[PDB]
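Asker: Residue numbers (the entry's author numbering), protein chains in the order written: chain D, 1 to 203, 215 to 237, 254 to 276; chain B, 1 to 202, 214 to 237, 255 to 278; chain A, 1 to 202, 213 to 237, 254 to 276; chain C, 1 to 201, 215 to 237, 251 to 277.
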Ligand SMILES: [Cl-]
Ligand SMILES: [Cl-]
Ligand SMILES: [Cl-]
Ligand code: NA
């Protein structure tokens, strides 16, 4: 199943889409400058591009840590991003009440990994009718993903992306099971599967090897965070994706 | 470090405390009935007991499964449980705004595993001044519990219980690392550590083996998401009494 | 199923048997000293005891590392240990040809964990008719032990002990699944199950005590352990727990 | 570091080498037939090829299951393969005494994973001077491969291949850590790394093989286990990705 995001076709047998941008929104001008760069690079490489950021640092590690710009100022920055660039955007939500007004602005809304089993947030996300990105928790198997998709379907929204970020492997370590992408396609009705290579690594030659290996299994998209390093990175990812997508299934 | 919960002393060198009750509150009548059974068994054996229930069923497996009575009517039920049995109670909270009103009635407030890194919730829980049960995520290592404890301490609350639930072990399976109890005591100032045996089991023989193994390491309490109860508790009490009666090694 | 090893009765509902000694035999005199210590402590505590050592260093870390005294001198030392102390002994074998000569002298022969699926070694060990200790590989699940047991039975030997040594847990780490003991008992005919606490690991001997107590709480036939009187202090506590567990009806 | 195996160059920056054949040697005519098919297909696509089989199946799922033709007859069969097709061959050794007899006939000798820490066997394999494939145990981390490599070096043999076969992942189940390849390259001096996709496990073998080879590897290790007739379709896709990845500079 493909999904249309404005102009963009996202699917497991389509050219890969890049989801990319900043950990946490800090200021308008800082964001425009990051986004500008991703757009120029993707535009000449001809890679469809969706801008990502959080407006809220929900898991900030110290009670004195930066909070983010908050919802109100974050949606303003997102509104500026879409008007200046004409691209879709994606952000995460952590509370049912945030869902409707986030979804008014942001093309894709994201269910945070920690919160995948929070049923009221699932329902409030489903209700908006928007494309939803479901971040697979490190503690859930690719087979348990259908249970979450079932909830979204029962609540009447089938426009779902599944997003891989690694699996718990002993203490304090992650491994990405390259067979899990296939399992998710097979049990979840060939919904778009994308690969969050950045969070898979947190526990760069390493990021390139991992991104290539995951994209070799034929995926809808790549999901990251951030002289000319991105561009050279994406040239290599595009070369692989083009080849893979050109072979019959 | 011991924690006083009304007339109960909770600590890794005190007689173990049983936490248990019902999954989700629906009615007063139904709650009082379950709680009465726990009370009668634990009283007969002399085991301290804290009644546990959710007012919001936040991770129900179907979206349309009953969501619980909700905050307002839930707290009314908890009030009547406390009045009728004279025991402490515990419930989980989900948003910052819930913490104060819940803490007015519930002696222990519980931080759900999936919220354990939500800084706003941790702060609002800390500010109640109540005893807090921290449920350990199955993907978090025992040494990472320190970081959560730290956040609570920064926000002014040291009355913390750590609740073991098992660890991710390949796909689907959980294993309980019996060494992780000691790592938590050692790294987290010997806060009371309790063992949620049920979650780890996703059969009576299995629950018994696992509960006995954990209690053998010397723990403040046993946490169920559960004369069947009585027979099980007779065995746990036997082990706990033996272990606790002996001094920690020289 | 219980096993007689000379005068010792090994079984999951019998008093636990301690297995211990040294890693690699170095000389007759230091062997006899180490054994005397274990014998002194276990006799005074009333615990049956089987001495263990390797005559071999098959996995020695450097090609220049110490080899051990080897089979011929190894077997001589085991003869002397047995004549001096009148206790059974246990050693590992890594090659099929080693099995019959080693079994001449050693009461129990041990299938190293790395080799537990090596069909020729299984067969050669089985043919000796001796008591065999099967080390569960860290990479095998408890439900797979039935397959190795089945092979030993096809090769004609049912005097089998199963030995837990932990399971792979990410890179460079082991966890012991306390539910595995019960799975082995249930699927392998209640053969004696023993717990290699020493290999399951890797303040600190705090750790070995915690692990040993947690494992013995599940009701096991025996324990593998290595040594002012730490061994004594550990065993007093393990024996108290074992006596309680074994006095409860299953 | 590259290794020459007769006229084949094996290396992490060279066209991938296929190590393929069967599990256990069973009979002469069947072996030759299966080898013929591998040879035909790899020759057709220009893929360097090394025939693999065991003469001693040491971990059979039942004790009286056929162990294989044994050393003497197994080496005769390998001789016939090399004579008929003119390709290199690879087999596993199980005891020190086997190492010399096997190495005089076989181009690559393999250290089974379950024996990987047996020092006596490592020493005797090292002393042949033969190219050695080291099979990484599923319970061993990538950074611990350097300890095995060091024992081989100490005994005088540096012609070593590292073979990935997956890592234990909970019970009864394997995951391949795609970052494990780079760790082995970095810590073991960029010795050739190959990927045993068969023992790491359909559509799956292909996904897994393509992911592995995307990280830039010296070879692919499989048993036909694949259906033998779909071999060409499988290899066309591997070769396409390998040719892409190898054609770009590193970094
Ligand atoms: Cl996660
Ligand atoms: Cl092992
Ligand atoms: Cl292995
Ligand atoms: Na208060």
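A virtual CB, placed ideally from N, CA and C, is assigned to each residue, including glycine.
Residue 167/D to residue 70/D, Cα distance in whole Å?
Answerer: Here the question's residue 167/D lines up with position 167 in the first chain. Here the question's residue 70/D lines up with position 70 in the first chain. Roughly 30 Å separates the two Cα atoms.
Asker: Quick check on the burial criterion: 16 or more other C-beta atoms within 10 angstroms. Buried or exposed for residue 252/B?
Answerer: A break in chain B separates 237 from 255, and the residue in question, residue 252/B, sits inside that break with no coordinates.
Asker: Hey, would you say residue 81/D sits closer than 7 Å to residue 51/D, going by beta carbons?
Answerer: Counting from 1 along the first chain, the entry for residue 81/D is found at position 81. Counting from 1 along the first chain, the entry for residue 51/D is found at position 51. Yes; because the gap between Cβ atoms is below 7 Å, this pair is in contact.
Asker: Quick one: residues in its chain with C-beta nearer than 6 Å to the C-beta of residue 41/A, no 5 flanking neighbours on either side, listed in chain order?
Answerer: By one-based count along the third chain, residue 41/A stands at place 41. Hits under 6 Å: 257 and 258.
Asker: In chain A, which residues lie less than 7 Å from residue 157/D when you measure between Cβ atoms?
Answerer: Taking the first residue of the first chain as position 1, residue 157/D is located at position 157. Neighbours of residue 157/D on chain A: none; closest Cβ ~36 Å, over 7 Å.
Asker: Checking 7 Å against the spacing of the C-beta atoms, do residue 163/B and residue 125/B come in under that value?
Answerer: In the second chain, counting from the first residue as 1, residue 163/B sits at position 163. In the second chain, counting from the first residue as 1, residue 125/B sits at position 125. Cβ distance not < 7 Å, so residue 163/B and residue 125/B don't count as in contact.
Asker: Which residues share a DSSP beta bridge with residue 134/A?
Answerer: As a position in the third chain, residue 134/A is number 134, starting the count at 1. Paired residue(s): 111/A and 162/A.
Asker: At a cut-off of 6 Å, is residue 137/A close to ligand 2 when judged by its beta-carbon and the heavy atoms of the ligand?
Answerer: Taking the third chain and counting its residues from 1, one reaches residue 137/A at position 137. Because some heavy atom of ligand 2 lies under 6 Å away, the Cβ of residue 137/A counts as near it: yes.
Asker: Quick one: give me the first and last residue of the alpha helix (DSSP H) that residue 93/D is part of.
Answerer: Position 93 of the first chain, counted from the first residue, corresponds to residue 93/D. Segment: none, residue 93/D is in no alpha helix (DSSP H) and carries neither H nor E.
Asker: With a cut-off of 8 Å, do at least 3 Cβ pairs link the region 217 to 236 of chain B to the region 217 to 230 of chain A?
Answerer: Yes: at least three Cβ pairs fall under 8 Å.
Asker: Looking at C-alpha atoms only, which residue of 102/B, 128/B and 94/B is the closest neighbour of residue 135/B?
Answerer: Taking the first residue of the second chain as position 1, residue 135/B is located at position 135. Minimum Cα distance to residue 135/B is reached at 94/B.
Asker: What residues from the region 164 to 180 of chain D come within 9 Å of chain A, judged by C-beta to C-beta, listed N to C?
Answerer: Cβ contacts with chain A: 168, 169, 170, 171, 172, 173 and 175.
Asker: Starting from the beta carbon of residue 123/C, find every residue of chain A whose beta carbon is closer than 8 Å, and list them in chain order.
Answerer: In the fourth chain, counting from the first residue as 1, residue 123/C sits at position 123. Residues of chain A passing the Cβ test: 63.
Asker: Can at least three beta-carbon pairs, one atom from the region 63 to 77 of chain C and one from the region 25 to 36 of chain C, be found at a separation below 8 Å?
Answerer: With the cut-off at 8 Å, the region 63 to 77 of chain C and the region 25 to 36 of chain C touch.
Asker: Below 8 Å on the Cβ atoms is my contact criterion, and I expect residue 12/A with residue 193/A to pass it. Report the Cβ-Cβ distance as a whole number of Å.
Answerer: Within the third chain, the letter at position 12 stands for residue 12/A. Within the third chain, the letter at position 193 stands for residue 193/A. Sure, about 6 Å apart at Cβ, within 8 Å.
Asker: Please name the residue in 254/D, 133/D, 265/D and 87/D whose C-alpha comes closest to that of residue 196/D.
Answerer: Counting from one through the first chain, the residue named residue 196/D turns up at place 196. When only C-alpha atoms are compared, the closest one is 133/D.
Asker: Let me confirm a value: residue 117/D is counted as buried when at least 16 other C-beta atoms fall within 10 Å, else exposed. Which label applies?
Answerer: Here residue 117/D is taken as the residue at index 117 of the first chain, counted from 1. The residue is buried, with at least 16 neighbouring Cβ atoms inside 10 Å.
Asker: Taking only the alpha-carbon atoms, compute the straight-line gap between residue 103/D and residue 86/D and give it to the nearest angstrom.
Answerer: As a first step, residue 103/D must be located in the first chain, where it is residue number 103. As a first step, residue 86/D must be located in the first chain, where it is residue number 86. Computed Cα separation, rounded: 17 Å.
Asker: Does DSSP put residue 269/B in a helix, a strand or coil?
Answerer: Residue numbering aside, residue 269/B sits at position 241 when the second chain is read from its first letter. Helix, per DSSP.
Asker: Strictly under 7 Å for the Cβ-Cβ distance: is residue 55/A near chain C by that measure?
Answerer: Position 55 of the third chain holds residue 55/A. No, residue 55/A lies away from the interface with chain C (no Cβ there is under 7 Å from its Cβ).
Asker: Is the beta carbon of residue 191/D closer than 7 Å to that of residue 1/D?
Answerer: Within the first chain, numbered from 1, the residue matching residue 1/D stands at position 1. Within the first chain, numbered from 1, the residue matching residue 191/D stands at position 191. Contact: yes.
Asker: Which chain B residues are close to residue 160/D, counting only those with a beta carbon under 7 Å from its beta carbon?
Answerer: Within the first chain, numbered from 1, the residue matching residue 160/D stands at position 160. Result: empty, since nearest Cβ-Cβ is about 14 Å, beyond 7 Å.
Asker: Straight-line CA distance for residue 83/A to residue 105/A?
Answerer: As a working note, residue 83/A is residue 83 in the third chain. As a working note, residue 105/A is residue 105 in the third chain. Cα-Cα distance, rounded: 11 Å.
Asker: What does DSSP give as the partner residues of residue 19/A in its beta bridges?
Answerer: On the third chain, position 19 is the one that residue 19/A refers to. Its beta-bridge partners are 50/A and 234/A.
Asker: In the DSSP assignment, the beta strand (DSSP E) including residue 194/C goes from what residue to what residue?
Answerer: Taking the first residue of the fourth chain as 1, we reach residue 194/C at position 194. Here the beta strand (DSSP E) through residue 194/C covers 193 to 196.
Asker: With DSSP run on the structure shown, which of helix, strand or coil describes residue 65/D?
Answerer: For the purposes of this step, residue 65/D is taken as residue 65 along the first chain, with counting starting at 1. Of the three classes helix, strand and coil, the one that applies to residue 65/D here is coil, per DSSP.
Asker: Please list, in chain order, all residues of the same chain as residue 139/C whose beta carbon is under 7 Å from its beta carbon, the five residues on each side excluded.
Answerer: On the fourth chain, residue 139/C is found 139 positions in, with the first residue counted as 1. These residues qualify, in order along the chain: 168.
Asker: If you measure from the CB of residue 266/A, is any heavy atom of ligand 3 nearer than 6 Å?
Answerer: By 1-based counting over the third chain, the position of residue 266/A is 240. No, the Cβ of residue 266/A stays beyond 6 Å of every heavy atom of ligand 3.
Asker: Just checking: is the beta-carbon of residue 203/D within a distance shorter than 7 Å of some beta-carbon in chain C?
Answerer: Locating residue 203/D in the first chain gives position 203, where the first residue counts as 1. Judged by the 7 Å Cβ criterion, residue 203/D is not in contact with chain C.
Asker: Could you give the distance in angstroms between the alpha-carbon of residue 178/C and the alpha-carbon of residue 10/C?
Answerer: Position 178 of the fourth chain, counting from 1, holds the residue named residue 178/C. Position 10 of the fourth chain, counting from 1, holds the residue named residue 10/C. Their backbone Cα atoms lie some 20 Å apart in a straight line.
Asker: For residue 4/A, which three-state DSSP category applies?
Answerer: Working through the third chain from its first residue, we reach residue 4/A at position 4. Here residue 4/A sits in strand by DSSP.
Asker: Check the Cβ-Cβ distances between residue 138/A and every residue of chain C, and say whether any is below 7 Å.
Answerer: Here residue 138/A refers to the residue found at position 138 when the third chain is read from its first residue. Closer than 7 Å to some Cβ of chain C, the Cβ of residue 138/A qualifies, so yes.
Asker: Could you please give me the residues that DSSP links to residue 168/A through a beta bridge?
Answerer: The count along the third chain starts at 1 and reaches residue 168/A at position 168. The partner list for residue 168/A (beta bridge, DSSP) reads 174/A.
Asker: Are the C-beta atoms of residue 33/A and some chain B residue less than 7 Å apart?
Answerer: The count along the third chain starts at 1 and reaches residue 33/A at position 33. Not closer than 7 Å to any Cβ of chain B, the Cβ of residue 33/A fails to qualify, so no.
Asker: Confirm the yes/no value for this check: CB of residue 128/B, any heavy atom of ligand 4, distance under 6 Å.
Answerer: Locating residue 128/B in the second chain gives position 128, where the first residue counts as 1. Within the cutoff, so yes.
Asker: Residue 118/B CB to nearest chain D CB: under 7 Å?
Answerer: To locate residue 118/B, count along the second chain from 1; it is residue 118. Yes, contact with chain D.
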